[PDB]
Amino acid sequence: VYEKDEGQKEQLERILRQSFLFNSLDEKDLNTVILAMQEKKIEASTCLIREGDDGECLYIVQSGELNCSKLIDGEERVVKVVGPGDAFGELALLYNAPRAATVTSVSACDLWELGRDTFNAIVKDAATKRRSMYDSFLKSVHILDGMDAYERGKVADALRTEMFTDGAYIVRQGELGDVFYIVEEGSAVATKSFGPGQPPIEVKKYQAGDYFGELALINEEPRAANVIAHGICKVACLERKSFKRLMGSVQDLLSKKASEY
Ligand SMILES: Nc1ncnc2c1ncn2[C@@H]1O[C@@H]2COP(=O)(O)O[C@H]2[C@H]1O
Ligand SMILES: Nc1ncnc2c1ncn2[C@@H]1O[C@@H]2COP(=O)(O)O[C@H]2[C@H]1O
């Protein structure tokens, strides 16, 4: 029941590292969570979690789709579809509350289940601290100064962190771009080739609190420059879909500031 083969562990590690509540774990803590996780397969149209019940575990989806719904004014109202890579059933564990929605599979699903005790011991404090630290950080990132606390908190809830050592390319000129970056600590440099057959030249130096990688998202174009870690660089990362859905009018600010390049 805890036994997993190498293939299973590898796929589980990949999805866990990308999952918001687990993304801040060190590799050994993530390994301990992996040890604790139990596989759970369900057929389509299985009513897995029921609104109002006690919650003693959470799930992450390896494959399949499920609907989350709320019983409101006598009908089930679907409020979110979850699919591969998504975690669900975490709210009852994060906030010590009854299940806030019913979750039903739409297809056959392959899930991994984590118990409340392991979540409490290894994940819960780290996750809530990370969120708070993201909130603190964003309050000193000035392009977000126009947001209110709730807008900024939503962005904070969609951030992941990545570390890059000296010389590692965070983005490469001409590649597809689906991530917006803000430097949390360390440094980076942008270099840009101004035409075919021209080597790139340094065009900007980044420090903590600076952002980059917005142009591919706003303009729907390939990356316009390389961004390379200088010494070391720790970046907060916001995916394209979250950028578009959460940044609001900051997208307009970013668009207008593009003329400064
Ligand atoms: N809008 C929503 N409100 C509440 N729960 C939701 C929503 N969307 C998805 N869910 C998921 O449905 C789950 C129901 O169990 P939990 O309350 O433990 O955790 C909840 C979330 O993972
Ligand atoms: N002179 C410049 N031209 C274009 N992009 C730049 C320049 N200086 C820094 N950048 C950043 O480099 C990033 C490369 O990825 P993007 O095109 O998504 O967004 C770009 C900007 O954030």
# chains A, B, ... in the order shown; residues from 1 in each chain; ligands from 1
$ closest_atom_pairs --of "chain A" --to "ligand 1" --cutoff "8 Å" --atoms "only C-alpha atoms and all ligand atoms" --output "CSV"
residue,atom,partner,partner_atom_place_in_ligand_line,distance
A:49,CA,ligand 1,15 (O),6.4
A:50,CA,ligand 1,14 (C),7.4
A:51,CA,ligand 1,14 (C),6.5
A:55,CA,ligand 1,18 (O),5.9
A:57,CA,ligand 1,18 (O),7.9
A:58,CA,ligand 1,18 (O),6.9
A:68,CA,ligand 1,12 (O),5.1
A:69,CA,ligand 1,12 (O),7.2
A:70,CA,ligand 1,3 (N),7.6
A:79,CA,ligand 1,1 (N),5.4
A:80,CA,ligand 1,8 (N),4.8
A:81,CA,ligand 1,9 (C),7.4
A:82,CA,ligand 1,9 (C),7.6
A:87,CA,ligand 1,22 (O),6.5
A:88,CA,ligand 1,22 (O),3.3
A:89,CA,ligand 1,19 (O),3.4
A:90,CA,ligand 1,18 (O),4.7
A:91,CA,ligand 1,18 (O),4.1
A:92,CA,ligand 1,18 (O),3.7
A:93,CA,ligand 1,18 (O),6.3
A:97,CA,ligand 1,17 (O),7.3
A:98,CA,ligand 1,17 (O),6.4
A:99,CA,ligand 1,17 (O),3.6
A:100,CA,ligand 1,17 (O),3.6
A:101,CA,ligand 1,14 (C),4.0
A:102,CA,ligand 1,14 (C),5.6
A:103,CA,ligand 1,12 (O),6.0
$ closest_atom_pairs --of "chain A" --to "ligand 2" --cutoff "10 Å" --atoms "only C-alpha atoms and all ligand atoms" --output "tab-separated table"
residue	atom	partner	partner_atom_place_in_ligand_line	distance
A:170	CA	ligand 2	14 (C)	9.2
A:171	CA	ligand 2	15 (O)	6.4
A:172	CA	ligand 2	14 (C)	7.2
A:173	CA	ligand 2	14 (C)	6.5
A:174	CA	ligand 2	17 (O)	8.4
A:175	CA	ligand 2	15 (O)	8.7
A:176	CA	ligand 2	18 (O)	8.6
A:177	CA	ligand 2	18 (O)	6.0
A:178	CA	ligand 2	18 (O)	8.1
A:179	CA	ligand 2	18 (O)	7.8
A:180	CA	ligand 2	18 (O)	7.3
A:181	CA	ligand 2	22 (O)	8.4
A:182	CA	ligand 2	22 (O)	9.8
A:189	CA	ligand 2	9 (C)	8.1
A:190	CA	ligand 2	9 (C)	5.2
A:191	CA	ligand 2	8 (N)	7.2
A:192	CA	ligand 2	2 (C)	6.7
A:193	CA	ligand 2	3 (N)	9.4
A:194	CA	ligand 2	3 (N)	9.1
A:201	CA	ligand 2	1 (N)	9.6
A:202	CA	ligand 2	8 (N)	8.5
A:203	CA	ligand 2	8 (N)	5.4
A:204	CA	ligand 2	8 (N)	5.4
A:205	CA	ligand 2	9 (C)	8.3
A:206	CA	ligand 2	9 (C)	8.8
A:210	CA	ligand 2	22 (O)	9.4
A:211	CA	ligand 2	22 (O)	6.6
A:212	CA	ligand 2	22 (O)	3.3
A:213	CA	ligand 2	18 (O)	3.3
A:214	CA	ligand 2	18 (O)	4.6
A:215	CA	ligand 2	18 (O)	3.9
A:216	CA	ligand 2	18 (O)	3.8
A:217	CA	ligand 2	18 (O)	6.3
A:218	CA	ligand 2	18 (O)	8.2
A:219	CA	ligand 2	17 (O)	8.5
A:220	CA	ligand 2	18 (O)	8.9
A:221	CA	ligand 2	17 (O)	7.3
A:222	CA	ligand 2	17 (O)	6.4
A:223	CA	ligand 2	17 (O)	3.6
A:224	CA	ligand 2	17 (O)	3.6
A:225	CA	ligand 2	14 (C)	4.0
A:226	CA	ligand 2	14 (C)	5.6
A:227	CA	ligand 2	12 (O)	6.0
A:228	CA	ligand 2	12 (O)	9.7
A:254	CA	ligand 2	22 (O)	9.6
A:258	CA	ligand 2	4 (C)	8.1
A:259	CA	ligand 2	3 (N)	9.2
A:260	CA	ligand 2	1 (N)	8.2
A:261	CA	ligand 2	1 (N)	4.3
$ write_last_selection --atoms "N, CA and C atoms" --output "compact mmCIF listing (two decimals), in the first residue's frame"
# COMPACT_ATOMS: atom_id res chain seq x y z
N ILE A 170 17.28 31.22 -17.55
CA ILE A 170 15.89 31.14 -17.04
C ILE A 170 14.92 31.17 -18.24
N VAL A 171 15.15 32.08 -19.18
CA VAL A 171 14.49 32.08 -20.47
C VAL A 171 15.53 32.26 -21.57
N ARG A 172 15.20 31.73 -22.74
CA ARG A 172 16.04 31.85 -23.94
C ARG A 172 15.30 32.60 -25.05
N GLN A 173 16.01 33.47 -25.74
CA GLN A 173 15.44 34.27 -26.78
C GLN A 173 14.94 33.33 -27.89
N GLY A 174 13.74 33.59 -28.35
CA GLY A 174 13.10 32.81 -29.40
C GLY A 174 12.28 31.61 -28.94
N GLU A 175 12.27 31.27 -27.64
CA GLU A 175 11.49 30.12 -27.14
C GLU A 175 10.07 30.56 -26.79
N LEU A 176 9.16 29.59 -26.66
CA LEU A 176 7.79 29.86 -26.27
C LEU A 176 7.87 30.32 -24.83
N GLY A 177 7.09 31.31 -24.49
CA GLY A 177 7.04 31.80 -23.10
C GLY A 177 5.65 31.73 -22.52
N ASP A 178 5.54 31.01 -21.40
CA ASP A 178 4.29 30.85 -20.68
C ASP A 178 4.46 31.11 -19.18
N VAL A 179 5.51 31.84 -18.81
CA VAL A 179 5.77 32.12 -17.35
C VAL A 179 6.25 33.56 -17.16
N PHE A 180 5.69 34.22 -16.15
CA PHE A 180 6.12 35.56 -15.71
C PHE A 180 6.95 35.36 -14.45
N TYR A 181 8.09 36.07 -14.35
CA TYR A 181 9.04 35.93 -13.27
C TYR A 181 9.28 37.23 -12.47
N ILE A 182 9.40 37.10 -11.16
CA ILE A 182 9.84 38.17 -10.30
C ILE A 182 11.02 37.63 -9.45
N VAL A 189 20.83 38.63 -15.59
CA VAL A 189 21.07 39.54 -16.67
C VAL A 189 20.23 39.14 -17.90
N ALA A 190 19.71 40.14 -18.58
CA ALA A 190 19.05 39.96 -19.87
C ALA A 190 20.08 40.25 -20.95
N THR A 191 20.15 39.36 -21.92
CA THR A 191 20.99 39.59 -23.12
C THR A 191 20.09 39.39 -24.31
N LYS A 192 20.35 40.15 -25.37
CA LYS A 192 19.50 40.16 -26.52
C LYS A 192 20.32 40.26 -27.79
N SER A 193 20.02 39.36 -28.72
CA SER A 193 20.50 39.45 -30.14
C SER A 193 19.56 40.38 -30.87
N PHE A 194 20.10 41.46 -31.42
CA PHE A 194 19.32 42.42 -32.20
C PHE A 194 19.07 42.05 -33.67
N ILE A 201 23.81 40.83 -26.73
CA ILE A 201 24.54 41.76 -25.88
C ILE A 201 23.74 42.00 -24.61
N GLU A 202 24.44 42.30 -23.53
CA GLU A 202 23.75 42.55 -22.27
C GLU A 202 22.93 43.80 -22.41
N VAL A 203 21.67 43.75 -21.98
CA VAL A 203 20.73 44.85 -22.08
C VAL A 203 20.06 45.24 -20.75
N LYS A 204 20.22 44.43 -19.71
CA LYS A 204 19.62 44.81 -18.40
C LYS A 204 20.20 43.93 -17.34
N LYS A 205 20.30 44.45 -16.10
CA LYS A 205 20.76 43.69 -14.97
C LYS A 205 19.59 43.68 -14.00
N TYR A 206 19.25 42.53 -13.44
CA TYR A 206 18.10 42.42 -12.52
C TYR A 206 18.61 42.21 -11.12
N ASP A 210 12.81 42.89 -9.06
CA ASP A 210 12.56 43.16 -10.49
C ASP A 210 11.79 42.02 -11.16
N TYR A 211 11.06 42.33 -12.23
CA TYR A 211 10.30 41.31 -12.97
C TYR A 211 10.83 41.19 -14.39
N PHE A 212 10.54 40.06 -15.01
CA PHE A 212 10.85 39.87 -16.44
C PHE A 212 9.96 38.77 -16.99
N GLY A 213 9.92 38.62 -18.33
CA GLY A 213 9.19 37.55 -18.94
C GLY A 213 7.75 37.94 -19.20
N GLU A 214 7.41 39.23 -19.13
CA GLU A 214 6.05 39.66 -19.37
C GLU A 214 5.74 39.78 -20.87
N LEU A 215 6.75 40.09 -21.68
CA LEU A 215 6.47 40.43 -23.08
C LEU A 215 5.87 39.28 -23.87
N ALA A 216 6.34 38.05 -23.66
CA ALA A 216 5.77 36.90 -24.39
C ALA A 216 4.30 36.71 -24.03
N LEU A 217 3.93 37.01 -22.78
CA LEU A 217 2.54 36.85 -22.31
C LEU A 217 1.63 37.94 -22.86
N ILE A 218 2.08 39.20 -22.81
CA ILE A 218 1.30 40.32 -23.25
C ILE A 218 1.19 40.37 -24.77
N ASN A 219 2.28 40.06 -25.46
CA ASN A 219 2.34 40.22 -26.93
C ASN A 219 2.10 38.95 -27.69
N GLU A 220 2.04 37.82 -26.99
CA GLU A 220 1.81 36.53 -27.60
C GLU A 220 2.90 36.22 -28.63
N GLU A 221 4.15 36.45 -28.21
CA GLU A 221 5.31 36.32 -29.08
C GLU A 221 6.36 35.45 -28.38
N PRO A 222 7.36 34.99 -29.14
CA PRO A 222 8.44 34.26 -28.49
C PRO A 222 9.20 35.21 -27.59
N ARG A 223 9.92 34.63 -26.67
CA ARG A 223 10.79 35.42 -25.78
C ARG A 223 11.68 36.36 -26.58
N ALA A 224 11.73 37.61 -26.17
CA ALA A 224 12.48 38.67 -26.85
C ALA A 224 13.98 38.81 -26.42
N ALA A 225 14.38 38.07 -25.41
CA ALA A 225 15.74 38.13 -24.85
C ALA A 225 16.00 36.87 -24.04
N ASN A 226 17.28 36.60 -23.78
CA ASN A 226 17.71 35.65 -22.80
C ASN A 226 17.67 36.32 -21.44
N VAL A 227 17.31 35.56 -20.42
CA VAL A 227 17.54 36.01 -18.99
C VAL A 227 18.33 34.92 -18.31
N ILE A 228 19.52 35.28 -17.81
CA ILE A 228 20.46 34.34 -17.31
C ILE A 228 20.79 34.62 -15.81
N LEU A 254 2.09 47.13 -17.58
CA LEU A 254 3.22 46.43 -18.12
C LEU A 254 3.34 46.70 -19.61
N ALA A 258 6.53 48.75 -21.50
CA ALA A 258 7.33 48.10 -22.54
C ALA A 258 8.14 49.04 -23.41
N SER A 259 7.66 50.26 -23.62
CA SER A 259 8.44 51.24 -24.41
C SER A 259 9.77 51.64 -23.75
N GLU A 260 9.92 51.43 -22.45
CA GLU A 260 11.20 51.66 -21.81
C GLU A 260 12.35 50.71 -22.21
N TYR A 261 12.07 49.56 -22.85
CA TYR A 261 13.14 48.61 -23.25
C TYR A 261 14.09 49.10 -24.39
$ select_by_dssp --residues "segment 130-241 of chain A" --states "strand (DSSP E)" --output "count of residues only"
45
$ closest_residue --among "A:229, A:253, A:42, A:61" --to "residue 85 of chain A" --atoms "only C-alpha atoms"
A:61
$ residues_around --residues "residue 159 of chain A" --least-positions-apart "6" --cutoff "12 Å" --atoms "only C-alpha atoms" --output "PyMOL selection string"
chain A and resi 18-24+127+130-135+137-138+152-153+179-184+235-243+246
$ write_last_selection --atoms "C-alpha atoms" --output "PDB file, in the first residue's frame"
ATOM      1  CA  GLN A  18       4.411  21.554  -9.320  1.00  0.00           C
ATOM      2  CA  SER A  19       1.487  21.509  -6.873  1.00  0.00           C
ATOM      3  CA  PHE A  20       1.122  24.812  -5.032  1.00  0.00           C
ATOM      4  CA  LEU A  21       0.938  23.434  -1.464  1.00  0.00           C
ATOM      5  CA  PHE A  22       4.002  21.188  -1.972  1.00  0.00           C
ATOM      6  CA  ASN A  23       6.227  23.396  -4.107  1.00  0.00           C
ATOM      7  CA  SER A  24       8.272  24.805  -1.212  1.00  0.00           C
ATOM      8  CA  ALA A 127       2.784  25.782   2.948  1.00  0.00           C
ATOM      9  CA  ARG A 130       5.363  30.138   2.128  1.00  0.00           C
ATOM     10  CA  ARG A 131       2.037  31.819   1.230  1.00  0.00           C
ATOM     11  CA  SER A 132       2.551  34.461   3.898  1.00  0.00           C
ATOM     12  CA  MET A 133       6.125  35.085   2.693  1.00  0.00           C
ATOM     13  CA  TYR A 134       4.816  35.464  -0.898  1.00  0.00           C
ATOM     14  CA  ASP A 135       2.275  37.972   0.345  1.00  0.00           C
ATOM     15  CA  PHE A 137       7.254  39.825  -0.870  1.00  0.00           C
ATOM     16  CA  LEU A 138       4.620  41.057  -3.334  1.00  0.00           C
ATOM     17  CA  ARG A 152      -2.247  40.569  -4.395  1.00  0.00           C
ATOM     18  CA  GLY A 153      -3.131  37.588  -2.179  1.00  0.00           C
ATOM     19  CA  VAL A 179       5.766  32.116 -17.350  1.00  0.00           C
ATOM     20  CA  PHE A 180       6.119  35.564 -15.711  1.00  0.00           C
ATOM     21  CA  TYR A 181       9.038  35.934 -13.267  1.00  0.00           C
ATOM     22  CA  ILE A 182       9.839  38.171 -10.296  1.00  0.00           C
ATOM     23  CA  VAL A 183      13.264  37.914  -8.709  1.00  0.00           C
ATOM     24  CA  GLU A 184      12.877  37.120  -4.985  1.00  0.00           C
ATOM     25  CA  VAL A 235      12.531  33.527  -8.832  1.00  0.00           C
ATOM     26  CA  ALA A 236       8.827  33.586  -8.167  1.00  0.00           C
ATOM     27  CA  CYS A 237       6.966  32.175 -11.187  1.00  0.00           C
ATOM     28  CA  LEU A 238       3.406  32.909 -12.402  1.00  0.00           C
ATOM     29  CA  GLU A 239       1.941  30.839 -15.279  1.00  0.00           C
ATOM     30  CA  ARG A 240       0.337  32.486 -18.299  1.00  0.00           C
ATOM     31  CA  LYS A 241      -3.210  31.574 -17.397  1.00  0.00           C
ATOM     32  CA  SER A 242      -2.821  33.018 -13.861  1.00  0.00           C
ATOM     33  CA  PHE A 243      -1.124  36.096 -15.232  1.00  0.00           C
ATOM     34  CA  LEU A 246      -5.188  37.640 -11.879  1.00  0.00           C
TER      35      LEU A 246
END
$ atom_distance --atom1 "atom CA of residue 53 of chain A" --atom2 "atom CA of residue 78 of chain A"
17.9 Å
$ closest_residue --among "A:114, A:147, A:121, A:1" --to "residue 249 of chain A" --atoms "only C-alpha atoms"
A:147
$ closest_residue --among "A:146, A:64, A:209, A:199" --to "residue 251 of chain A" --atoms "only C-alpha atoms"
A:146
$ atom_distance --atom1 "atom CA of residue 10 of chain A" --atom2 "atom CA of residue 162 of chain A"
18.8 Å
$ select_by_dssp --residues "segment 29-67 of chain A" --states "helix (DSSP H, G or I)" --output "ChimeraX atom specification"
/A:29-36
$ write_last_selection --atoms "N, CA and C atoms" --output "CSV table (one decimal), in the first residue's frame"
chain,number,residue,atom,x,y,z
A,29,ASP,N,11.8,16.1,2.3
A,29,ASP,CA,10.3,16.2,2.7
A,29,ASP,C,9.4,15.8,1.7
A,30,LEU,N,9.7,16.2,0.4
A,30,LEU,CA,8.8,15.8,-0.7
A,30,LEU,C,8.9,14.2,-0.8
A,31,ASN,N,10.1,13.6,-0.6
A,31,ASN,CA,10.2,12.2,-0.6
A,31,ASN,C,9.4,11.5,0.5
A,32,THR,N,9.4,12.0,1.7
A,32,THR,CA,8.5,11.6,2.8
A,32,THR,C,7.0,11.6,2.5
A,33,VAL,N,6.6,12.8,1.9
A,33,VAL,CA,5.2,12.8,1.4
A,33,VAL,C,4.9,11.8,0.4
A,34,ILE,N,5.8,11.6,-0.6
A,34,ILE,CA,5.7,10.5,-1.6
A,34,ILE,C,5.6,9.1,-0.9
A,35,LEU,N,6.4,8.9,0.2
A,35,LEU,CA,6.3,7.6,0.9
A,35,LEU,C,4.9,7.4,1.5
A,36,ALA,N,4.4,8.4,2.1
A,36,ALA,CA,3.1,8.4,2.7
A,36,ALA,C,1.9,8.3,1.8
$ atom_distance --atom1 "atom CA of residue 143 of chain A" --atom2 "atom CA of residue 126 of chain A"
27.0 Å
$ closest_residue --among "A:128, A:255, A:11, A:96" --to "residue 110 of chain A" --atoms "only C-alpha atoms"
A:11
